[PDB]
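Each protein sequence line maps, in turn, to chains A and B.
Counting along the first sequence from 1, when you hit position 103 you're at 126 in our numbering, and nothing is skipped either side.
Counting along the second sequence from 1, when you hit position 40 you're at 63 in our numbering, and nothing is skipped either side.
Below is one structure, written out as structure tokens; comments come after it.
There are 2 protein chains.
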Amino acid sequence: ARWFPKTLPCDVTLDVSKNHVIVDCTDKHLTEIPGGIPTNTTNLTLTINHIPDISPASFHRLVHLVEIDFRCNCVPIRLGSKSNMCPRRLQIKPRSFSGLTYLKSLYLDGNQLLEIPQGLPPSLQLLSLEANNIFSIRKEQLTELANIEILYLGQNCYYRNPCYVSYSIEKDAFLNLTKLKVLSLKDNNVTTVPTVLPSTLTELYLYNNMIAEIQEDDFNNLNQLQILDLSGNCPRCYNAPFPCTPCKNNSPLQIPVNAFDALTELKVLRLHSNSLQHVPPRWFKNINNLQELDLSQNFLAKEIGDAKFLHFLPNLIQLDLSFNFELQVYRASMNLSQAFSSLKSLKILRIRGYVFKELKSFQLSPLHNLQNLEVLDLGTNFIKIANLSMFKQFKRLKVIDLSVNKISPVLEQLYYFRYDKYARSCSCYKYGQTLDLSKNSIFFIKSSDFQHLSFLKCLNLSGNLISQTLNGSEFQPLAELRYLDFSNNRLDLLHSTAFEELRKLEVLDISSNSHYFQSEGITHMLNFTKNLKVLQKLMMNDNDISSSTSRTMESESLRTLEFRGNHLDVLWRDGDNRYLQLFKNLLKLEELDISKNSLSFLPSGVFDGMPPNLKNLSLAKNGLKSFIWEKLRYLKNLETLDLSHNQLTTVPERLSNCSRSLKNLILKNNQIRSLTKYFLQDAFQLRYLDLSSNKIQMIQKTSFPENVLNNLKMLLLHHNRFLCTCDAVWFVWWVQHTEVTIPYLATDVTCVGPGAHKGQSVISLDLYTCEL
Amino acid sequence: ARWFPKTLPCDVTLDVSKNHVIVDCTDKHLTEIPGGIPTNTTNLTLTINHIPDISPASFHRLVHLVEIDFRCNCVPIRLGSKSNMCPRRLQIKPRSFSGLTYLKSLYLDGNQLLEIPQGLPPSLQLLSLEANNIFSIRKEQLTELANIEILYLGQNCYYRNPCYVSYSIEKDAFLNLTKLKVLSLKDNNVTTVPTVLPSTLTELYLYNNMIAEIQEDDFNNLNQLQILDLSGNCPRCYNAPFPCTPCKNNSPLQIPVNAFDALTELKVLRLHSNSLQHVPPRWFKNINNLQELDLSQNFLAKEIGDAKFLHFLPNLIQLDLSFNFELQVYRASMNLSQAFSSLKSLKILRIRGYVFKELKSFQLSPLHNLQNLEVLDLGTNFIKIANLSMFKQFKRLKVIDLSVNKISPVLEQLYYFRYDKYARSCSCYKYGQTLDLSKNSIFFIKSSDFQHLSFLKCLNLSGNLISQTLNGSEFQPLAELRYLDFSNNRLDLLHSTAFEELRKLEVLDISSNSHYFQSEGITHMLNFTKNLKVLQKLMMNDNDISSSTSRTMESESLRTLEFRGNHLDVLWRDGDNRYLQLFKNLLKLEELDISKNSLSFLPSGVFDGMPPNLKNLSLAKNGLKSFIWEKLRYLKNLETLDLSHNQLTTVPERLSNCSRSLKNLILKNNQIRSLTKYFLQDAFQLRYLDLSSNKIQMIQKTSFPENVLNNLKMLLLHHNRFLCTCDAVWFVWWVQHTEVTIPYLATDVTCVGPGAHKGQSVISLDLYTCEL
Ligand SMILES: *[C@@H]1O[C@H](CO)[C@@H](O[C@@H]2O[C@H](CO)[C@@H](O)[C@H](O)[C@H]2NC(C)=O)[C@H](O)[C@H]1NC(C)=O
Ligand SMILES: *[C@@H]1O[C@H](CO)[C@@H](O[C@@H]2O[C@H](CO)[C@@H](O)[C@H](O)[C@H]2NC(C)=O)[C@H](O)[C@H]1NC(C)=O
Ligand SMILES: CCCc1nc2c(N)nc3ccccc3c2s1
Ligand SMILES: CCCc1nc2c(N)nc3ccccc3c2s1
Ligand SMILES: *[C@@H]1O[C@H](CO)[C@@H](O)[C@H](O)[C@H]1NC(C)=O
Ligand SMILES: *[C@@H]1O[C@H](CO)[C@@H](O)[C@H](O)[C@H]1NC(C)=O
Ligand SMILES: *[C@@H]1O[C@H](CO)[C@@H](O)[C@H](O)[C@H]1NC(C)=O
Ligand SMILES: *[C@@H]1O[C@H](CO)[C@@H](O)[C@H](O)[C@H]1NC(C)=O
Ligand SMILES: *[C@@H]1O[C@H](CO)[C@@H](O)[C@H](O)[C@H]1NC(C)=O
Ligand SMILES: *[C@@H]1O[C@H](CO)[C@@H](O)[C@H](O)[C@H]1NC(C)=O
Ligand SMILES: *[C@@H]1O[C@H](CO)[C@@H](O)[C@H](O)[C@H]1NC(C)=O
Ligand SMILES: *[C@@H]1O[C@H](CO)[C@@H](O)[C@H](O)[C@H]1NC(C)=O
Ligand SMILES: *[C@@H]1O[C@H](CO)[C@@H](O)[C@H](O)[C@H]1NC(C)=O
Ligand SMILES: *[C@@H]1O[C@H](CO)[C@@H](O)[C@H](O)[C@H]1NC(C)=O
Ligand SMILES: *[C@@H]1O[C@H](CO)[C@@H](O)[C@H](O)[C@H]1NC(C)=O
């Protein structure tokens, strides 16, 4: 099927449209650039390997290279692996790049380089040198970059990669880079804004440095600047999770009132963690296009009640005023200036970490007529009191976020407090209006608590303290609710009428409501599903369900049931038949997850008891030690079977004879040591087979008929125990010449033996001695 | 050190005391009785093997056998492994036991026997046949048991081991068993009490059967009976976790009013789950010695408010009325009859599952003058209101249990509801008075909540809804508290004054209070420990701690700190030195658990940062990929180092150079593939070494000098990858001949090769070809 097997340890892709031959050698544990890279190579990535030097031999035949991605072949010690530390810096010999006359993009990040590499071709638009050791920039070393448009030099002098001096930039070092659009000098122990910069700049990143003052003319010529980030200069260090040095005397970064006067094109201004106490309106006199303003992690608590500068921001789309609270102050309420009402274009307002006790309808009145307002984020404010009905005036919003508060009767986890959220490494909103009350202190709910909110489509009550029996009266206003996240509470299913007032409910999450399931003898009405006539998806993961008063759950609508992390092993205790049809009357059910239920065996009757349209079944992570494969015949619509992370030792003698419908068979992470002689014979439906991470020693042709392998979209075989003796001649030859997609041939389809061949990839294996 | 290596795959112990030779072959995957069993063997256990038959050859030389424990060599099929089912029942040939003329105890449980084995010696006092298929007892078949004292025949006909008919016992089958003290016929589908029974009986177990009526004279001659259990006849089936058939007409077990008149000696009466609605006082007029009465799982809800029968029980110690509630009734209060006040000897009263809304001092008055009352258990009652001060009147008690209730302003998990609490298979109480409020709904605490309870020594608040900052004022009444379990709440360590009013506190558990530690930017005062001057043990496990406002925790008293399941990997992020002395000022800390902290490496300074008296250090389950063993020099009092379940690949070149103090080195479950040349040389201090579940191939004498192994109390070596070539000659020889204790030599210390030897035990390995 192939005449010339591919030995090269890299994935090779063709994009015929834009004549790219893409060679990806990412993370292939290479010590040398592999031989045989196609000479038509346009994109070549060698990121995360251990190639210790580059030379003219490196790319010698690769004349058409347009991009070389050579990041992280010698990561700085504190940022890289401690088990495989890099012994010496990358070495780049002369002329290594000069012949590549079409090279447009060169990334050399994370290689412990000490200088800007010279000899670069004049075609280069993008040079990336992050996380190296270059902390002195001289105009001489930048003459070669005449046509450069994007230049990343950050992370070369900071706490994860110290240089122990101030960064240095000669005057007008960048000024003759006349074509330069993007300059990044973040995380560099820079002490002043470098001047003069080329007026072609559209983006300037100077954040996380030691710039204490802006000079009035530091940005005088940047009439095309669109994004400017000065954050993390004079940081606000309270509860910082990284080493943090504030400016002396609690000074802020000092910005003259006229410092921005030239930036007419500015669209994004970021002044995060600059220890600001005031925001002069004069700052924005000449910026009418500003769309995004980050003022998080300053000391603007008082200014938020005044905030005259908002009158100069009629086109602002995003405003972030999070974490401006005064230390050790717990304000009574939020004092939002009337000036917010002049934010006519505002879509997103974030004020986390203002820290106040009580939220009242009128305090949000400055926002009532912001017509384009879509997201209001008041999370992490320790609000104790809030009448939810006030959001009846905010029905136009897409998300109201009150997450992580103490109310009673999507951004990264680390976001406002991480050092460099843009650091490069080597959900129910779609349903409509969302009220996020997650991680609050609601211990009891009542119908009137939701009143005037019948417009809500998604309500997140995850992670409250609700230890209550529901009887159908608690949610009555919520006539349009489609999604209820009730996870991480203490739901008590005493009555089978719970949730029945949510007539339009399509998704219910009651996972991690294990509390009342963990004490013996307590009544549990699992048959509450019957009353929910449009319910599509039910999640009850991690509930430790080991007993149930009702014997059957019923639904004519339910399509997906997640039941992972429970104790079906106890419910189905061998000899107890009462619950073998717990799911039989979920008539429309197509997907069932009963992984992690400690099912080390399946009792008689489990398969016969499944609902008739079951398509996707997971029995993963059960400690399954045995499996009667014939009983799949009961599952006449079964299309996906996930048996991963179990203890199986055998596959069926004839998979076609067990399931005529089975299309995807997942057996990864088991104990299988051999395949049956006619395993896949006539399994014409099979499309996907994962046998990886087992203990298979040999595979013979009878098990793998090629009319079956031809239809496989993927066949996974890596991390097994293959013996590369002359008995493996067909398997080795087939693996080398087949077109079937088999991931990891280059890294993890290997011989364990015999002696000579140990550790060797079967793709590279030469068995001519077997036919002498 | 030994002249004759032990081949026998059984543990052999001598108790010269009573001259017994104990051979224990439990769970050794035997298909045979091993050859070579010592001929002095007195106790021989073969439990959990797959020996298919017994014969006269089985024990023929084992003349002095006093006990044969042969359980579970063919378990009933729903009770045993489904991956290794037993193919055919155990076969016992004639004459197998007749020569064993000293045999006193014979266990044959769980072998699928169809009849009581005949031919047994007349010395036998104890015969055990539980979980077989013997469901017809004939007087003829018990002639051989003249001198029997203890006879277990239960679990031969029940839902885990069905016989599909009623149990049958011929009339007077047991009466000529004139020495029979204990007869157990539980779990047997028995329909009537067998008569006549021998009057020597002291214990009679008839529970979990189908007995509908007791006859007047069913116990007429029992004269000496001390324990009688009739539980589970006419069971109360509501929320039963096993198949449960109630008696018709909701009838109770019918017991005539005079049925117990002969039982002068009766000390324990068990009538659990008999569906009783009344307890006629006349039952007890002739039993004044009764000490333990179980009336749980009946319908005694109203009877508890009357209970005149309590007047006849002045010597009762334990009384159980748990789960007597009327279905679908949520009573307003608990109505205890005054008759309780006449239980002058009562030590333990349990009334779970009475199910009522409000508890008031006034309802507990019948117990005020019960002088010996030690345990009051009102758990699982769904109590919503309870003034804790009422217990000022119960300070003589050892435990007050309000666990699993809804209060807001040790028995097995499965106990009242499991089928057979006594089924045989193949804590702060010690600190003083304990108020157990675990698993309630307390969301806010205040000093007055504890008024008048200054006597408390242990308070259990685990698993409430406490989401509160503590400032040192909340517990002030609890002047003598020694133990506070605050686990599974949402503690907010805003103030370092938390818990300081507990001036006597020795153990503080704030594990699983992760909530506020999981959201970025929140203040955490881990240095709150300084104020706790007698604090001994601090558990802050599973808190997801990844940030801290203070840099150091301080205590002059704390000895043990459990810090497992947190994120020291983040706190000690490489490049951030600020928290490398988090534990340095716990001056007298001796045990530190920092397992499960994702520490894939230890930054330099962690060890120097440890407090000076650190004795027991766990770094288990961190994914540690490397370890600078030399830094153990900083830990000069280190005695236990637990590095289990990591990814280490090497041991120190010179363990004596790394620690002159280390006694226990646990390296189980790592990736170690060889030992260093002189690993343990001069490690005279080492006493315990676990290298199990690694990839070690060979061990040479240089690494294992015998001056070091002589002192080892245990050396764990199993589940490695030993190569049994002529290079292994010394290791094989030493293992076969050594004194030193090595677990699993018979089952999991094995050669992986070379061919022929694969799978073979190194204890059985013959390497004579290596010396031809
Ligand atoms: C940023 O530059 C400062 C100096 O401007 C470096 O600080 C010096 O560091 C050395 C070595 O730690 C000290 O001996 C000097 O006293 C420091 N000088 C001053 C003025 O503080 C600092 O190390 C640089 N930062 C990084 C992360 O490399
Ligand atoms: C206990 O004995 C009863 C009979 O007393 C068994 O019930 C019979 O079971 C067979 C087979 O299932 C049925 O055909 C009979 O009709 C049943 N008879 C009655 C009267 O119920 C029962 O199976 C036995 N229980 C156990 C656990 O072995
Ligand atoms: C053995 C207890 C049987 C019961 N189960 C529950 C329950 N899940 N919720 C309640 C809520 C209020 C009152 C009583 C209850 C009871 S009583
Ligand atoms: C917002 C980040 C700084 C803060 N941390 C906490 C905290 N642990 N508990 C509180 C309790 C009440 C009010 C405010 C707080 C704050 S404010
Ligand atoms: C390939 O490299 C070129 C040159 O930098 C780049 O513009 C393009 O986006 C890359 N495409 C892929 C698929 O790698
Ligand atoms: C809110 O704060 C502003 C600025 O500090 C102050 O001028 C104003 O009086 C305050 N108003 C209210 C209603 O608190
Ligand atoms: C909450 O506000 C609404 C106004 O929309 C009002 O009807 C209701 O009474 C308020 N509830 C409370 C408890 O203040
Ligand atoms: C609800 O919020 C929790 C916690 O913030 C989050 O994990 C979950 O994804 C949210 N639910 C939905 C449906 O988005
Ligand atoms: C359900 O409970 C609520 C609150 O306890 C109550 O208002 C309502 O009447 C109850 N419904 C029924 C049918 O009892
Ligand atoms: C659910 O099952 C319980 C337990 O048998 C039953 O009492 C109740 O009526 C059922 N309810 C529904 C809605 O099916
Ligand atoms: C499986 O194979 C046997 C033998 O060919 C055949 O009789 C049977 O119909 C096949 N299919 C099923 C679903 O049993
Ligand atoms: C040995 O067996 C005898 C006979 O049943 C038993 O009484 C005794 O407790 C056992 N002793 C030991 C040390 O195992
Ligand atoms: C308590 O229950 C008893 C028993 O039925 C009844 O006679 C009595 O009236 C009840 N007393 C109270 C105070 O409820
Ligand atoms: C407190 O109660 C919990 C919940 O039942 C229990 O797990 C824990 O062991 C108790 N604490 C102590 C110190 O006994
Ligand atoms: C705990 O540490 C914080 C911050 O380092 C400090 O403000 C506070 O006073 C300390 N409290 C103690 C040591 O009790």
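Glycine included, each C-beta is placed from N, C-alpha and C at the ideal position.
With H, G and I counted as helix, E and B as strand and the rest as coil, what does DSSP make of residue i?
{"i": "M233 of chain B", "result": "coil"}
{"i": "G142 of chain B", "result": "coil"}
{"i": "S40 of chain B", "result": "helix"}
{"i": "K553 of chain A", "result": "helix"}
{"i": "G588 of chain B", "result": "coil"}
{"i": "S345 of chain A", "result": "coil"}
{"i": "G328 of chain B", "result": "helix"}
{"i": "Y767 of chain B", "result": "coil"}
Beta-carbon of residue i versus every beta-carbon of chain B: anything under 8 angstroms?
{"i": "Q499 of chain A", "result": "no"}
{"i": "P79 of chain A", "result": "no"}
{"i": "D597 of chain A", "result": "yes"}
{"i": "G544 of chain A", "result": "yes"}
{"i": "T403 of chain A", "result": "yes"}
{"i": "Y439 of chain A", "result": "yes"}
Please report the Cβ distance between residue i and residue j, rounded to the nearest whole angstrom; I am assuming they are in contact, meaning their Cβ atoms lie under 8 angstroms.
{"i": "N693 of chain A", "j": "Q670 of chain A", "result": "7 angstroms"}
{"i": "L488 of chain A", "j": "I465 of chain A", "result": "7 angstroms"}
{"i": "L253 of chain B", "j": "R305 of chain B", "result": "Rounded, the Cβ-Cβ distance is 17 angstroms, inconsistent with contact."}
Taking CB distances under 8 angstroms as the criterion, tell me whether residue i reaches chain A.
{"i": "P264 of chain B", "result": "yes"}
{"i": "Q148 of chain B", "result": "no"}
{"i": "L488 of chain B", "result": "yes"}
For the pair the stretch 100 to 110 of chain B and the stretch 123 to 130 of chain B, tell me if three or more CB-CB distances fall below 8 angstroms. These segments do not touch.
Closer than 5 angstroms from C-beta to any heavy atom of ligand 14: which residues, in chain order? Every residue with a CB closer than 5 angstroms to a heavy atom of ligand 14 is listed here in chain order: B:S450, B:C451, B:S461, B:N483, B:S485, B:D508.
Can you find at least 3 beta carbon pairs, one from the stretch 580 to 589 of chain B and one from the stretch 293 to 302 of chain A, that sit closer than 8 angstroms? No: fewer than three Cβ pairs fall under 8 angstroms.
Residues around ligand 15, please: the ones whose beta-carbon is closer than 7 angstroms to some heavy atom of it, in chain order. Listed along the chain, these residues meet the criterion: B:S519, B:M548, B:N550, B:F551, B:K553, B:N554, B:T572, B:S573, B:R574, B:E577.
Please write down, chain order preserved, every residue whose beta carbon lies under 5 angstroms from a heavy atom of ligand 13. My final list is B:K325, B:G328, B:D329, B:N358.
Decide if the stretch 587 to 595 of chain A is in contact with the stretch 559 to 573 of chain A; the criterion is three or more beta carbon pairs, one per stretch, under 8 angstroms apart. Flag = yes, the stretch 587 to 595 of chain A and the stretch 559 to 573 of chain A touch.
Quick one, what's near ligand 9 if you take every residue whose CB is closer than 5 angstroms to any heavy atom, in chain order? Chain-ordered list of matching residues: A:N494, A:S496.
Near ligand 11, which residues have their beta-carbon closer than 6 angstroms to a heavy atom? Qualifying residues come out as A:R656, A:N680.
Three or more beta-carbon pairs under 8 angstroms between the stretch 362 to 377 of chain A and the stretch 395 to 406 of chain A, yes or no? Taking 8 angstroms as the limit for Cβ pairs, the verdict is that the stretch 395 to 406 of chain A does touch the stretch 362 to 377 of chain A.
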